[PDB]
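All remarks here apply to the structure that follows.
There are 2 protein chains.
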Amino acid sequence: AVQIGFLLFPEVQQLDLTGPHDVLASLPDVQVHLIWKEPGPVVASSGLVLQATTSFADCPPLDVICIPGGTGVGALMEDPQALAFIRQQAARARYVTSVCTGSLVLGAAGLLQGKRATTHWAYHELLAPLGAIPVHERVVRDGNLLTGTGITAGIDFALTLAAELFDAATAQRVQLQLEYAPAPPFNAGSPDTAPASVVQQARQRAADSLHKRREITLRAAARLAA
Amino acid sequence: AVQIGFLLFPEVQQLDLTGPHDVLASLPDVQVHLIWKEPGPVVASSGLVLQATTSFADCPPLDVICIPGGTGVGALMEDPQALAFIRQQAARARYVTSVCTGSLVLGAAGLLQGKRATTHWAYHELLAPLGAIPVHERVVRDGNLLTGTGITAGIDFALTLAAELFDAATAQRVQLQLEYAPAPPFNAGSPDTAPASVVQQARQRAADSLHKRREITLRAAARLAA
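So, in C-alpha cells, the structure goes:
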C-alpha cells in the first residue's frame, strides 16, 4: 500500500490539504495519514476542525509527503520537531510536495537549497533567502520535489502523482469519477491577470503577514547557515 | 452577517463541502455553519473526520444553503428530518445550491419539481423521476436554485455568489488571494472528453450504486406524488 502523509497544523489553509486528500484517497492501495504531534483535533484558519490520525513518532515511512500552507506556516518555520520530521521523511520519500506557502516550510527545513521552487505570489521574495531558485510557474518540479501555487494546486498535481504511481488510465478514471473540469467565472487568479486595483487591495491586506514572515525567514536562514 | 450553511452528513464527499467552505469563509461579514442532527463528529466517505457546528433546531435562518454529494446521499434521500429542514431553509434562502449528487437530495425534498437542474454524470437519469428538467451543463441556474457538477463546482459557484452578495471586485480579490487558477494535467473530467475505455471502467464501478439509487429514487418520487 502506498503511504501518503499530509502535515496538519493549527491555522492550516484546509483546502490546500483537503483537495489532494480526497483525490488521493480515491486510489486503490493508498493509505493517507494526517500527521501532527499527537492524534486529535487541529483547527484550520477558517475555524474548520480537522483530526490528525497519527503522531510524528508513529507515522510509517511515507512514499509521498505533502506540506499545505496557511497562516500557520510562520510558527512551523521555527518548529524544530516539525522540521526534523519533514527532513527524516523527505530522505526516503519518492515525492516531496507542497501547496502555496507550504514551500516556505520546506525552505525552513533546508530542502530547497539549490532547488527550483515556487510559492504564493505575495510571499515569492522569501524563497531566495532560503536557498531556492525562485520560479514564477504554477507547478515546479526539481527531481522528486514538486511545489505548486494555488489553493487547489494539490488537486492538479495529485492527478500527476496518480499517473506516475499507477498509470495514465488510473488518473483519467479518478478525474472522470470526480467529474473534475474546473471553469472559474473570473480570471483574477494571478497578479498578471487580475486588475491592478485588485492586486493593490490584495498586496495591502498581505503586508503585515509579509513583514512578520520576512523576520521569521531571516531567523530560519540563519539556522541553515549554521 | 450573511449566514451560509452546509449540510454535513455521514459518507459525504468532503471536497464537495470543504472547497466552497474555504472560499466563502474568506469573505467579510459571513458566518458559515456545518449542520447535522447534533453538533459533533461526522465521518466523510474517505474516513476524514469533520465536526458539525449546529443542529437543525439551532441553525439560524440561512441566506445560502449548500447540499454536498457523496455516497451518503442515498440515506439522506429518505431522511424525513433532513428533508424537512432543507424545505424550511429553502423557503426563505436567497440561494439554494448543491454540488454533484447533492441535487438528488434537493430532488427528494421536492425542490426540483419543474426546475432545470444537473447532477453527477453517472446518476443524471435520476433527475427526471424527481420532477426536474435535466440539463447537461456544469452549472445550471433556475431562479434562486444553482446546481453544479464536479467535486469542485462549489469553488467556482462560490465566486459567483461572492460577486452577487458583495461585488465583482470582492470576488476577484478572493480569487487572487487564493491564487486560484486551475490547470488539470488530463482532460478526462467529462464522459464527452474521456477515452471510451475510461468511461466504461467508471460506468461499471458506479453500476451497483446506480442500481440502489434507482430503487431509492422511486420511493422518494412516490412520497412526492402523495
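Just so you know, the protein sequences line up as chains A and A', in that order. A prime marks a further copy of an entry chain.
Numbered according to the authors' numbering, the first sequence terminates at residue 227, and the numbering increases by one at each position without gaps.
Numbered according to the authors' numbering, the second sequence terminates at residue 227, and the numbering increases by one at each position without gaps.
Built from N, CA and C at the ideal position, the CB exists for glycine as well.
1. Could you pull the DSSP bridge partners for A'/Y96 from this structure?
2. Could you name the residues of the region 64-89 of chain A' whose beta carbon sits closer than 9 Å to any beta carbon of chain A, in the order they occur along the chain?
3. Please list, in chain order, the chain A residues whose beta carbon lies closer than 8 Å to that of residue 1 of chain A'.
4. Just checking: is the beta-carbon of A'/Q4 within a distance shorter than 8 Å of some beta-carbon in chain A?
5. Under 8 Å, Cβ to Cβ, is there at least one residue of chain A' near A/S47?
6. What number of angstroms, rounded off, separates the C-alpha of A/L179 from the C-alpha of A'/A170?
7. On a CA-only basis, which of A'/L131, A'/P69 and A'/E126 is nearest A'/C101? Give me that one, please.
8. Unbroken alpha helix (DSSP H) runs of length 4 or more, entirely within the region 81-133 of chain A: which are they?
9. Quick check on the DSSP output: the beta strand (DSSP E) that includes A'/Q4 runs from which residue to which?
10. Is there a C-beta anywhere in chain A' that falls below 8 Å from the one on A/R139?
11. From the beta carbon of A'/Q114, is the nearest beta carbon of chain A less than 8 Å away?
12. Please confirm if A/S191 has its CB atom under 8 Å from at least one CB of chain A'.
13. I'd like to know whether the C-beta atoms of A/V97 and A/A118 end up nearer to each other than 8 Å.
14. Taking A/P21 as part of the alpha helix (DSSP H), name the residues at either end of that continuous run.
15. Could you confirm whether any beta carbon from chain A' is found closer than 8 Å to the beta carbon of A/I36?
16. Give me the DSSP bridge partner(s) of A/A53.
17. Give the straight-line distance between the Cα atoms of A'/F86 and A'/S104, rounded to the nearest whole angstrom.
18. Using a Cβ-Cβ distance cut-off of 8 Å, determine whether A/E165 contacts chain A'.
19. To the nearest angstrom, report how far apart A/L160 and A'/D193 are at their CA atoms.
20. Are the CB atoms of A'/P185 and A/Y124 within a distance shorter than 8 Å?
21. Quick one: what does DSSP say A'/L225 is sitting in, helix, strand or coil?
22. Beta-carbon within less than 7 Å of A/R206's beta-carbon, same chain only, minus the 5 sequence neighbours each way: which residues are those?
23. Indicate whether the contact test is met: 3 or more Cβ pairs, each with one atom in the region 200-217 of chain A' and one in the region 18-35 of chain A', closer than 8 Å.
24. Could you work out which residues of chain A' lie near A/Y181, taking near to mean beta carbons separated by less than 8 Å?
25. Could you give the uninterrupted runs of the alpha helix (DSSP H) lying entirely in the region 164-217 of chain A, keeping only those of 4 residues or more?
26. Tell me whether the region 30-41 of chain A and the region 28-46 of chain A' touch, counting them as touching only if at least three CB pairs, one residue from each stretch, are closer than 8 Å.
27. Closer than 8 Å by C-beta to A/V3: which residues in its own chain qualify, once you throw out the five before and the five after it? Chain order, please.
The short version:
1. A'/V65
2. none
3. Absent from the structure is residue 1 of chain A', since the part of chain A' shown begins at 2 and ends at 227.
4. no
5. yes
6. 30 Å
7. A'/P69
8. 81-93 and 103-109
9. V3 to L8
10. yes
11. no
12. yes
13. no
14. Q15 to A26
15. no
16. A/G41
17. 15 Å
18. no
19. 19 Å
20. no
21. helix
22. none
23. no
24. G151, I152, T153, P185 and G190
25. 169-178
26. no
27. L28, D30, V31, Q32, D64, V65 and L166
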